[PDB]
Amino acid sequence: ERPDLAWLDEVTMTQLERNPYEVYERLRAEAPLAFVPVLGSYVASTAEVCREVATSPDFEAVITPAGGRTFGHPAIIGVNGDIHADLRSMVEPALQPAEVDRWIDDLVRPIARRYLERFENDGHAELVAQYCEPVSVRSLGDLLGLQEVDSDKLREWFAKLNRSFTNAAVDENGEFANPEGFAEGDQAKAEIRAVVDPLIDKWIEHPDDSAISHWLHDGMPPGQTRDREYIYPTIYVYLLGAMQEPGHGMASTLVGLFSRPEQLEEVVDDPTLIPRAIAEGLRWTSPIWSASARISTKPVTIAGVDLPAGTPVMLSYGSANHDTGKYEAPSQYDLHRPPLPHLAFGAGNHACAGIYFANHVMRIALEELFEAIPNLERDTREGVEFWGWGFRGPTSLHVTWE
C-alpha cells in the first residue's frame, strides 16, 4: 500500500530466515516502521522505533499470529493487566538476582563439566549440539523440575516450537501460507503434556523446590494451585525461548570471537572479559531477533506512520541492534565496542524476566569451555551458517584443537 516500498512485496520468508540483514538494512534507512507483506504486519527495524513501541503507554503486549497459534492463552509474552501481573509474580522468584546468586554456580558448572567431559579430549566437536544447547537446556530443565527429561528431548522440543512459532508467512489475504507448519508444534505440545502432566499431578500434592512446583503454589490461597491450563502457555514460553536462547547466545558469542582471533585470545587469557564478550555477542546476533510484538491500544503516530488502534507491530530487536545511528560497523563483532545499551533483552514492562540468570548460564559455560580447551580454534574447513528470523543462531559450530 506504500508505493515507494513496493519492493517489499517481493521479499520472501526464506530470504528473511536465511539472511534478514540486507532487507532490514534497507528498512532502517527507508522505513523504520514498515508493513512487510509476507509477514502481514508492521515491523519496527530501528533502535528508536523498537524502544518507543516497547515502552509506549499506547501499546500493550500481543503475540504474533503464528506465536499465538503455537502457544494459545495466556502466554506471559502476550497478555496484559491483572493476568500479566500474576504471571510475572509467578515466574520472578527464582529469577531474582539475590536468589540466582545462591545456587547458579552449583547448577551450571557441574553441568558444563559433564558435557565437556564427553568430548574435551577428542580434538574436534560441533559445539552447538555437543555443548551450547545441552548446557542451556540442562541448566533450565533442572531449575524447572524437568531433571528426568533428557537434554536431547528438550532440544527437540524447542526446535519444533521454534519452527511453529515463527511459521509467520502469509499470502495475499493475510492467511497463513504454510498451515501444515504448525503440526510439529502441536506434536511437541502433546509430548510435553504427557511428560509434564504427571509431574504437575505430583507437585500439587507434594510441592518441592522446583520452579514449576512454585508456579503452581506461590501466592495462592491455602490448598489451592494455579490451574495447569492457566500455566501451560508460559511453560511453552520457557520450553522455546528460555531453553533455546542462552545456547544461541553463547554460540553466537563464540562465532564472533572466532571472527576476531586476537579478541578470542584476549578472553581466554582474561576470562573476566567473558561478560563483555557475551554482551557484544547478543548485540551482534540477537538470539531473539524478531519474535515479539506489541499492539496499539489507541491511534498513535510512530515514525511518521499514523497507526489506528489495534495495530500489531513486530519488534525486530536483532535489526535494532545493528542500528548505525548507534553503532559503528555493527555487522562486525568487536569485543572492544564502547558499551552501549542494547535491545537483545527487549524493553518496557514485557522486557526479559530472566536476564540475570541467562547471563550467568552463558558466562559460566564459556568460562568452563575456555578452561578445558584453551587452544580452541574454529574448524575453518566448515562454514558457520546462521538461520532464523524470529529466533536466530548458528546451526552448527565446528571447532578443532590440539
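Counting begins at 1, following the sequence as shown.
Novice: Output the stretch having the higher mean C-alpha B factor in the entry; the candidates are 361-369 and 345-353.
Specialist: Per the deposited B-factors, the answer is 361-369.
Novice: Mean CA B-factor: is it higher for 132-140 or for 230-238?
Specialist: Between 230-238 and 132-140, it is 132-140 that shows the higher mean C-alpha B-factor.
Novice: Among the candidates 245, 208, 82, 197, give the one with the maximum CA B-factor reported in the record.
Specialist: The C-alpha B-factor peaks, among 245, 208, 82, 197, at 208.
Novice: Just the C-alpha B-factor column, please: which of 318, 308, 181, 74 has the biggest number?
Specialist: The C-alpha B-factor peaks, among 318, 308, 181, 74, at 308.
Novice: Among the modelled residues of this chain, does the Cα B factor of residue 284 put it in the lowest, middle or highest third?
Specialist: For residue 284, whose C-alpha B-factor we compare with every modelled residue in the chain, the answer is the middle third.
Novice: Thinking about Cα B factors across the chain, which third does residue 69 belong to?
Specialist: Its C-alpha B-factor belongs to the lowest third of this chain's values.
Novice: Taking the entry's C-alpha B-factors for this chain, is residue 123 in the lowest, middle or highest third?
Specialist: Its C-alpha B-factor belongs to the highest third of this chain's values.
Novice: Sort the modelled residues of this chain by their C-alpha B factor and say whether residue 174 lands in the lowest, middle or highest third.
Specialist: Highest third, going by the recorded CA B-factors of the chain.
Novice: Looking at the C-alpha B-factor of residue 249, is it in the lowest, middle or highest third of its chain?
Specialist: CA B-factor rank for residue 249: middle third.
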